[PDB]
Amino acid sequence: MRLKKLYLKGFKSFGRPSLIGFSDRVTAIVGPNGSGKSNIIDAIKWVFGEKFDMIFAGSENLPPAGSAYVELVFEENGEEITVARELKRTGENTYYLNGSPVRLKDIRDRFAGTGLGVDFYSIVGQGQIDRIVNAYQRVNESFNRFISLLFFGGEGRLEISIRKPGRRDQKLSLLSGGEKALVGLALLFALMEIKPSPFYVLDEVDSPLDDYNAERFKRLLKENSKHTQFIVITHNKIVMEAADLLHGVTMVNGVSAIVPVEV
């Protein structure tokens, strides 16, 4: 199952009707701090679980919106699953599933083994990365494969141990700063073995990564993107390389806009 389309209209900074498409692999959302484009991830959480300050306030030539409307379109086996939510200024909130008004619980149920609805483990930020590094055989085994891919040969053990190719065993403790970041990402990817989900969102997880390490994160991302799809929001030019579809966001008045651009 994959996320195929996102539709905004009256949600937070998106005053005008927006429509985003997603790659089966890596999709990158780029843009200035003007939008600090988090609003797109917020919309995703909003349409599920996570006063009217959620509805468009008005523009230099757009009246406040009568409501906030968000819609997601997934695809199963050549099938389409549509989830939507509409909060009116009147107060009337309502969920939809394939064109039919429905209870929120019904949406959650339709997306069982996914973070969607409950805790959202699919949406990961720099925070969760750190809290996972400072907190089965399939996982320990995957963690190893990824560490080798990262350094072209070593080993990884799960306390974390990282042994580089021509070297000897080592404790995560005395490892580089940017390198620790890498292995952290490697752990997150490994844990996806017991944390399945259609897509994963990586929210600015390349800060500590310099150009060299970034190139490694890029090689890792492309390996995982083969069986899981990622929505990466970064402003790092190296990471954007792994993207198969790029989207740029800009806010002119109080209105934002998304337009697939080209690297």
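Numbers for residues come from their place in the sequence shown, where the first is 1.
Looking at the deposited sequence, how many residues between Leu174 and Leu175 were given no coordinates in the entry: none, 1 to 3, 4 to 9, or 10 or more? In the record, the chain runs straight from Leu174 to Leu175 with none unmodelled.
Taking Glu50 and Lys51 as adjacent modelled residues, how many residues of the deposited sequence between them have no coordinates (none, 1 to 3, 4 to 9, 10 or more)? 10 or more residues are missing.
Decide which of the stretches 87 to 95 and 164 to 172 has the higher mean C-alpha B-factor, going by the entry. For C-alpha atoms only, the mean B-factor is higher in 164 to 172.
Between 203 to 211 and 27 to 35, name whichever shows the higher mean Cα B factor according to the PDB entry. The deposited B-factors put 203 to 211 ahead on the C-alpha mean.
Splitting the chain's C-alpha B-factors into thirds, which one does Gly58 fall into? Lowest third.
Quick check on the deposited entry: does the C-alpha B-factor of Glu79 sit in the lowest, middle or highest third of its chain? Its C-alpha B-factor, which the entry lists for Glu79, ranks in the highest third among residues of this chain.
Would you check the entry's CA temperature factor for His227 and let me know if it's in the chain's lowest, middle or highest third? Its C-alpha B-factor belongs to the highest third of this chain's values.
Hey, what third does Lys237 fall into on Cα B-factor, ranked over its chain? For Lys237, whose C-alpha B-factor we compare with every modelled residue in the chain, the answer is the highest third.
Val261 CA temperature factor, ranked by third within the chain: For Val261, the deposited C-alpha B-factor lands in the highest third.
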